[PDB]
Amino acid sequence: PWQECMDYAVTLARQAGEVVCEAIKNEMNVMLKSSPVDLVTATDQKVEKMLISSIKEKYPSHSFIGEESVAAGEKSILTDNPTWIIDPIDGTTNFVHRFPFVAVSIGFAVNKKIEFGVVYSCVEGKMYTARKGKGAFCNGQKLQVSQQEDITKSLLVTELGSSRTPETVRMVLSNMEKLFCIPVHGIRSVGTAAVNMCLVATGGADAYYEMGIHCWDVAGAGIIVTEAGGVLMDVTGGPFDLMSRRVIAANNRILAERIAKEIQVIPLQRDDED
């Protein structure tokens, strides 16, 4: 059905990850995008080109939204058309540092809804996958979110984000303070949105939240969380929106809503807007 696309997606993700996991051992030319901490390498760009070219060959009618393609001037507008939403390296800062959480993420949407997701954590060798109505898996093991409904026994994942604007940083850290002092059991950060979300899918964390991500950060992993039994929503507590720059990916609505209650929202430019 789309099982053909998905099987293909899994092989491409694995191929891309081999490229990434080969490059990581090599000397790298770190380049900057929007800020001195917003990094990109030729590997990011090479992998995205490879993915888009391979998909274009097999599925010439399909649409793409790719992080580096957007950096090169393409639009981040999601139509109804089958659309591949790619983050060629989610965890570029980790990649640069050889910090061992580096993922290739592919989300596939039709009618603006994700139908399947693939996240390959290539240093770990963990292939996370999910298709709508068919469950979530890591290396074939079927995933289930945790059962925890008590925020004070929760373990959260988040990331401090790409902005270094003091007011923004202070707001991110204030939001972390409020959650931390609920209290919760802990907060962790492995340095990649897609892997943090996959950790929620496995049950090893109870929820992830972040503001400032993009559709390509969340498009592969969000369906892995929901097929593992979890939920997605905006940090505003509103419906999840791939283009809103904000997410809570949680084991369940109770924790998700409890988190949303503490998040001061930071104003963000949508991926679907100028």
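The term rigid core refers to the maximal set of C-alpha atoms that superpose within 1.5 Å between the two forms. In this text, residue numbers run from 1 along the sequence as written.
Between 234 to 242 and 219 to 227, larger RMS Cα displacement in 8 other deposited structures of this protein after core fit: The stretch that sits farther from the shown form in 8 other deposited structures of this protein is 234 to 242.
Stretch exceeding the other in mean C-alpha B-factor - 84 to 92, 108 to 116: Stretch with the higher mean C-alpha B-factor: 108 to 116.
Check the entry's C-alpha temperature factors for 69 to 77 and 190 to 198, then say which stretch has the higher mean. The recorded data point to 69 to 77.
Residue of maximum C-alpha B factor among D206, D44, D217, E57, per deposited coordinates: Each of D206, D44, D217, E57 was compared by C-alpha B-factor; the highest is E57.
For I151, return the chain-relative third of its C-alpha B-factor as stated in the PDB record: lowest, middle or highest. Middle third - that is where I151 ends up once the chain's C-alpha B-factors are sorted.
Sort the modelled residues of this chain by their C-alpha B factor and say whether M28 lands in the lowest, middle or highest third. According to the entry, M28 has a C-alpha B-factor in the chain's highest third.
When the modelled residues of the chain are sorted by Cα temperature factor, does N175 land in the lowest, middle or highest third? For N175, whose C-alpha B-factor we compare with every modelled residue in the chain, the answer is the middle third.
For the chain shown, is the CA B-factor of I266 in the lowest, middle or highest third of its modelled residues? As the PDB entry reports it, the C-alpha B-factor of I266 lands in the highest third of its chain.
Should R164 be placed in the lowest, middle or highest third of its chain by the C-alpha B factor in the entry? Its C-alpha B-factor, which the entry lists for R164, ranks in the highest third among residues of this chain.
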